[PDB]
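Notes follow the structure.
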Amino acid sequence: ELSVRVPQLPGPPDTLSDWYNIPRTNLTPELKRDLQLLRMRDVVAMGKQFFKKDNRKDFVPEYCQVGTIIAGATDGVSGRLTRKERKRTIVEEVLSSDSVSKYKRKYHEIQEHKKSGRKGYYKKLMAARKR
Amino acid sequence: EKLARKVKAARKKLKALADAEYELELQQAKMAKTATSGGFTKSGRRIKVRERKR
Amino acid sequence: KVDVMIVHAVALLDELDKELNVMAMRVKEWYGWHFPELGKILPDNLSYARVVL
Amino acid sequence: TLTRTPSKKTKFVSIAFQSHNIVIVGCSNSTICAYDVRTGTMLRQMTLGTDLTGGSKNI
Amino acid sequence: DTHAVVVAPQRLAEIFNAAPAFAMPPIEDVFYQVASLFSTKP
Amino acid sequence: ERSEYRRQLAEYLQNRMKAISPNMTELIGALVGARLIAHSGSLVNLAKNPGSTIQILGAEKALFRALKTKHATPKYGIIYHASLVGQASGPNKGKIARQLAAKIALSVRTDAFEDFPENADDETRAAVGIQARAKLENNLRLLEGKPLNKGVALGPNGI
Amino acid sequence: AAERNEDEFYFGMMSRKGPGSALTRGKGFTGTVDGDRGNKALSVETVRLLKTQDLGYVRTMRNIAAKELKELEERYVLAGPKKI
Amino acid sequence: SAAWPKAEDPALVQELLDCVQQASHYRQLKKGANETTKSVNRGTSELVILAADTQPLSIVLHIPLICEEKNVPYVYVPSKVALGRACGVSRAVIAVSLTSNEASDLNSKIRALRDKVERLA
Amino acid sequence: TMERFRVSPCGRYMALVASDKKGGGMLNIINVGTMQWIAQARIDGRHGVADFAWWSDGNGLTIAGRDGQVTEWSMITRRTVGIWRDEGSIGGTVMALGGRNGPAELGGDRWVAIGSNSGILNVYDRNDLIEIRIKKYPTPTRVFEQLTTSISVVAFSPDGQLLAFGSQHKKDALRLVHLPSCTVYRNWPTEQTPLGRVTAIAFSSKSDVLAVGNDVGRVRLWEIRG
Amino acid sequence: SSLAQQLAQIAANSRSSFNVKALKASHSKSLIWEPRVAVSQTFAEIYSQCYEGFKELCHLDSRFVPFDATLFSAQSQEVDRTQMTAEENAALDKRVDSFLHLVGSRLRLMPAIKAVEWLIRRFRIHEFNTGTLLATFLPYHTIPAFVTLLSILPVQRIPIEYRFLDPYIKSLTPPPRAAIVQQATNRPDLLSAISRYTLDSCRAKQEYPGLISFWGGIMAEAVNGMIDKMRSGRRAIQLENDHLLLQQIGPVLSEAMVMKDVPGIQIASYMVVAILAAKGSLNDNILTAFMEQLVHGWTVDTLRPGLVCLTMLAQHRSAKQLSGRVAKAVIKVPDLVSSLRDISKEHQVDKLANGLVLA
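Protein chains in written order, with the entry's author numbering: chain V, 68 to 77, 82 to 202; chain W, 217 to 270; chain G, 160 to 212; chain Z, 178 to 236; chain Y, 915 to 956; chain U, 266 to 424; chain A, 55 to 134, 159 to 162; chain D, 6 to 126; chain B, 372 to 502, 524 to 618; chain R, 3 to 361.
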């Protein structure tokens, strides 16, 4: 009823009291990747959507949890992913979607226009000279 | 012929990884906390210490 | 002494613990409609079945 | 087979029997091996030196 | 003739370390176990 | 009735574990060796495996995670939910897990390969595991009662 | 560089290399002050830890390689004074 | 005894433990029962030696089944103190495993010694 | 050669080892005052004679040959009393024999010292060697793992109390043993005890003086005060 | 900072609290409950709970009625130790130590430690009688009550002998016997203080088996370690070290060799002097002197073990004869040759028998 107690005396908070225990986010590389994706989500929807310019110098929130969209009771015929469609990481999902062709084409384009005339062109001029 | 080429490459793979296993064991020897014989130095002297790990 | 009965019995232990707990939560929701404070105060499921009996 | 010599270079050259179950065999690599016949086991070995008569160091 | 007995202090302290201070064998039997560890009999 | 069925089922399995491996059940726990044989497939199967592998049964997903990325390697398996490791702390827990695994190997090979004249009692059948239990209990108490580290005790002037 | 003073004093000069000259540096000298590239003398105990980990990886790869090799050699046989 | 393919011949055992000393200087060698089992399960096993002097035999009577299933030579030699003290470990060894390499004079000796165990067989 | 030899304690018999190893050691017993061949003993081993010593009487003796085989041999029977194995020693290099109040039929000496090429020191009681029948596999009275390399020289005290032993490959491998407790003396020698790479160890006659000698040419002396 | 160190020495010597926070802190340092309630605890309900425990303890044992009169009263409510003069405090301290020796047996129980709680939270015993309280709970070095005592001691108040727990008071964990005894080895004065406590316990006849068993383990491994260093190899050094050792162990070993009322401490003294004989190469006169006091002091329940001790003593003796009164009391021994055969079944009594027949 009354016993001897235990003495147990041996930083910033870790689970936010005023948001129902959101733990401090572990820094894992795939999580970093997902965060980079969600910041750069503008260019992902290349051409068809635009986004609110979320602009901090950092991008990592201190508190976030990766989760799952569960179920649509009113609609699950096409708002439900197929078994093949389900992905572990959001980055692998947006990979496994379409249009990465158009991504690659834009990539070759921008790469060329930054390889406009900087050094390779000067070398080939130098060959046309020394010949 | 195709399967034979595949076996040749596979045996190369086995031999290389094996030599790697030998290298790792002998490294554990060379940096072990006590004296222990084994392998060569860079000059080719095959290491031999009759002293026993007590 | 043979092991086939052993492997089957331990598989039984695994699946029995599974469906045990799921029927535990199930009957908790079942009687909680008539009496939730039981699930609120007593969490132990065997005793829960005992008291709803 | 009771037992064979461990070496591949030993020839069994002379046989005798000290007891009913103890067999003594002189053998090419300067040995006389003593076996017991029951479980084919090896009691002992006797040795013979080099022939200090010169070469041919097998007795 | 005789001389002194060498013995492991590990043995001795373990002989006391089989149990806490209370809930022990009686003092005489403990003492007997001591002396028997300290016997110079063959 | 289901819960009572599980209860008598566990009592059954305790009787049967006492029957199958006296060293193992006297050492580590019947449900414990039940988990081990469950991963094993058979008792000869488990006695084929070396002791550190016994220590790393079950957690193989984490094992090959670590082995593929050169992470730190996971420290044990079902041995955690075994009892005898329960009383230690950290590094103590790890060391007792290793040595415990070595004796587990020895004891399970004993139980699966030592023949007995069938007028052989359970205690002379399990004396191996009892030896292991006593010796590892003394090992636990010594590793725990490692004396701490002293220091220069100061006065109020630091003196 | 025409208004340096020769007896400056810092603390960097207690913690960087110096440029110097061709005199002490050699063929390979611009007057850059180097730093690290990032890696240091990594002391022995951690190196042992590294070696054990690399050993584990290489052995397990030998495991998968040997299983694959035996399977392939078996299939090679099944593809392709003997009879008395 | 279950120790059937037994080599107690002193000439053979002395050649054997001499090769073991060679393996402990050349580090082609796995010492300890679990290490031997690791070697044979990983299939690097060229030859397996165990001593008869084990206090229980059944603690090491699990390997020759695996040696049978994996087609390797193995042999019993007398004393654990002998096996340890030739390995240069100064402890009781009850199981040693000597593995093959690509090319070695030690490899040649191992092939010779497995030929000798095959002769006893 | 004339390399190894031992003279009886009674000063009567000289045994010289042979340069013919070939499966087993052999050696010749010599009447010393006449300097003549009087006997020969030969044991079956692998590389011939490791070391050897008479008993306390000077009538029988002991061969240790490599692989650790020890053979007792009496003169009145002019044959080998028997064979046993130094336990687990893969190859011996040194042996010595001493003591009193042992088995008188085996020479009344109490202790046998065996030093093996691994570097372990096996010490036994000959009263425990008895079964005139012999334990083929005797048990160690005391086994000594306190030096790494092969022991170089070992020696008994005259009185039968002290046992000095050392290896020569290491710097100053020498420790000291009390009989019959058969343990080391944990307080000598220090690291800065100037022994040297030890080569020779002699007790005095009266067992008060220790003489040791390294491989450099510098012998040093100690008082053994009890 | 000279004057700073000097004022620090004074601040160590400070006892009664003189500013509000320090008052609150030493007021809240307690045993049973937590400090957050302890601060909003006042003496009254404290006196209630501890008096319930005290009546339970006085119902267990009769001998608590003197402190029922003097230390557990409605006036023992109000009396504050800090406000009276040194002789009053000395008498009070003696009353404390007497109660501690009275209470040391029934230690592991709730009403007794409630009494302990009254001792602290009224009489500041943790501050004023650190040594005797610390020794009297010291033999319980694996229980959480002792852990909590270690939690609420003041560090600069722990005795110089007792300052070994400092790693544990930095990190709360029950220290083990190896630590206490290692301090006993290379710290004689710990042994000195614990010897003094336990001999006071047997002199006030309040010895108890847990105490004496602890003290046996303590002295045995202690003097074992003491010889385990004291063997040096240098001749007069080992003689002189044995001298200093004997001077340290003298009073306690004599009081325990002839402690006539307490057979357990007789057995423990037998233990320590037996190890003193068999390990240490002591001189024959000192050995026979041990024999003589043991002869002087044994009883019949202690008879056979004391015979084992004399087997040790004469067996490690070097001369062949015994000195008189030893032979007198061995004639007084009832079952001599039967007991002697029983002990020589495992103990080699030959030198004892030889010295007997010579005498």
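Every residue, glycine too, gets a C-beta built ideally from N, C-alpha and C.
Asked	Found
Between which two residues does the alpha helix (DSSP H) holding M232(R) run?	211-232
From this set, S173(R), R123(R), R237(R), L247(R), which residue's C-alpha is nearest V274(R)'s C-alpha?	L247(R)
In whole angstroms, what separates the C-alpha of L407(U) from that of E241(W)?	33 Å
For chain A, check one thing: does any of its Cβ atoms lie closer than 8 Å to the Cβ of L332(U)?	yes
Take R221(W) as the anchor and find which of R116(A), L126(A), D108(A), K94(A) has the nearest alpha-carbon.	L126(A)
Let me see if you follow: with CB-CB separation under 8 Å, is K269(W) close to chain A or not?	no
Let me confirm a value: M289(U) is counted as buried when at least 16 other C-beta atoms fall within 10 Å, else exposed. Which label applies?	buried
What do you reckon, are the CB atoms on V80(D) and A12(D) nearer than 8 Å?	yes
To the nearest angstrom, how far is it from the Cα of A467(B) to the Cα of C381(B)?	17 Å
Out of curiosity, what's the CA-to-CA distance linking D23(D) and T224(Z)?	20 Å
Buried or exposed, going by whether 16 or more other CB atoms sit within 10 Å of the CB of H193(G)?	exposed
Within the 8 Å Cβ cut-off, does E237(W) reach chain A?	yes
Is the stretch 304-322 of chain U close to the stretch 362-369 of chain U, with three or more CB pairs under 8 Å?	yes
When you compare the CB of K207(R) with every CB in chain Y, is at least one pair closer than 8 Å?	no
Which of the residues in the stretch 153-182 of chain R, read from start to end, lie with their CB under 8 Å from any CB of chain U?	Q158, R165, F166, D168, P169, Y170, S173, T175, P177, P178, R179, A180, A181
Any C-beta of chain D sitting closer than 8 Å to the C-beta of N117(A)?	yes
Per DSSP, which residues does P94(V) bridge with? Please list them.	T86(V)
Would you grab the beta carbon distance between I400(B) and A386(B) for me? Rounded to a whole angstrom, and I think it's under 8 Å.	5 Å
So with Cβ pairs under 8 Å, would you call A14(R) a contact of chain U?	yes
If you draw a straight line from the alpha carbon of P307(R) to that of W580(B), how long is it in whole angstroms?	38 Å
Mind checking who residue 523(B) pairs with in its DSSP beta bridge?	Coordinates for residue 523(B) are lacking, as chain B steps from 502 to 524 with nothing built in between.
For a contact meaning CB atoms closer than 7 Å, what does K224(W) contact in chain A?	Simply none; closest approach about 10 Å.
List the residues that DSSP assigns as beta-bridge partners of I182(R).	DSSP output for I182(R) lists no bridge partner at all.
So the candidates are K231(W), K224(W), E217(W); which of them puts its Cα closest to the Cα of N117(A)?	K231(W)
Using three-state DSSP, classify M466(B) as helix, strand or coil.	strand
Are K528(B) and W455(B) close, meaning C-beta to C-beta below 8 Å?	yes
Could you spell out the range, first to last residue, of the beta strand (DSSP E) harbouring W120(R)?	Taken as a continuous stretch (DSSP letters only), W120(R) belongs to no beta strand (DSSP E), being part of the alpha helix (DSSP H) at 112-125.
Whole angstroms are fine: how far does the CA of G298(U) sit from the CA of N280(U)?	13 Å
Grab me the residues of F166(R)'s own chain with a C-beta within less than 6 Å of its C-beta, minus the 5 sequence neighbours each way, in chain order.	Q185
At a Cβ cut of 8 Å, what residues of the stretch 389-423 of chain U count as close to chain Y, listed as they run along the chain?	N403, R406, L407, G410
Let me see if you follow: with CB-CB separation under 8 Å, is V87(A) close to chain W or not?	no
Can you tell me whether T304(R) is buried or exposed, with buried defined as 16 or more other CB within 10 angstroms of its CB?	buried
Classify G89(A) as buried or exposed, calling it buried when 16 or more other Cβ atoms lie within 10 Å of its own Cβ.	exposed
Would you say the stretch 162-174 of chain G touches the stretch 946-955 of chain Y, given that touching needs at least three Cβ pairs under 8 Å?	no
With DSSP run on the structure shown, which of helix, strand or coil describes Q107(A)?	helix
Please list the partners that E942(Y) has in chain R, where partner means a Cβ-to-Cβ separation under 8 Å.	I269, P307
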